[PDB]
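Read the single chain below, which is given as structure tokens and is the form deposited in one PDB entry.
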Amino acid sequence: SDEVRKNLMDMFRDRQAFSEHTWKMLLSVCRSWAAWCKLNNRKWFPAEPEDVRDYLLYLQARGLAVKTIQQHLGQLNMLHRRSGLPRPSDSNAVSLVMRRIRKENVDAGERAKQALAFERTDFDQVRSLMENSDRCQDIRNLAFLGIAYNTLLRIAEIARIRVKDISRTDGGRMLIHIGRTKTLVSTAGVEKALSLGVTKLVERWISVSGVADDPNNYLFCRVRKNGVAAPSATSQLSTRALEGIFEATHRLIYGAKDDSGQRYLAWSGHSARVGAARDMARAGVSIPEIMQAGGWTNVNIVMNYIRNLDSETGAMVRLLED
């Protein structure tokens, strides 16, 4: 069909309208689905519902997460819907089976994990140790953890901070201007303020890195063996390395990860977000203020991190013994 080619061509022409990660996962899903189709001699593009049902069942049978299976469907759905074709999910075979796969897995324990929390106590411990070190690695890392926990920004937001994004209060606290986040793309964007402590941590790093040469440098950059910063205004510190700082800081305190292969045996990119969310809840911060903290315009995900603070809470118990 002429129209389908056109629609696809249009989406590719302005591919920059979508996150690069959407593209990353579009192609990845397409590769997996392409492969399954080839293994079973099946037309892979206009995808047949029943074929899609077999494929979701096969993903299930490989032991894949409910959420990852929803991903494979999601991209297939997007590829079809933006083509002008009907979505696989538009048929019952796919709809019902997706709902069924979720029900079976969930009803056998499957649960979406969350990042191991990096909370205030963790931050103070990390800091009590590393604040002394005059190494470049250590000063940078300590400053990044500070920002992460102070501001609750995602790591991709942190790696985009430019030195000119930083301003100041009369009070002396650093403010970091963010524009783009996951949930938001604006020109006015948001301001996130650091405490006086974290501001110092960040001053130390600026000072010692020489990022402030060009004010269009990324606040965070790489640091080599010899301890020399490598500022850039065109290459940011990969988010993979910020994941690494979290894994190294965890390793520093708790030693090496298990042999098991499980996710979340050590801190990761999101660890400071669930942790600072959680600390606020427990100090009585109001639910709106928590949402303002993490950029959350809606209430449900925040309830869904105090999710697992829901431990022994024991209101009724006290009531009972008196």
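Think of the rigid core as the biggest set of C-alphas that the two forms share within 1.5 Å after superposition. Numbering starts at 1 and runs along the sequence shown.
What comes next is about the form deposited in another entry, which does not appear here.
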query: Displaced residue check between the shown form and the other one: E20, CA, 2 Å or over, core reference; finding: no
query: Closer or farther in the other form: C-alpha pair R273, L309 (3 angstroms or more); finding: farther
query: Direction of Cα pair change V317-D279 in the other form, magnitude 3 angstroms or more; finding: closer
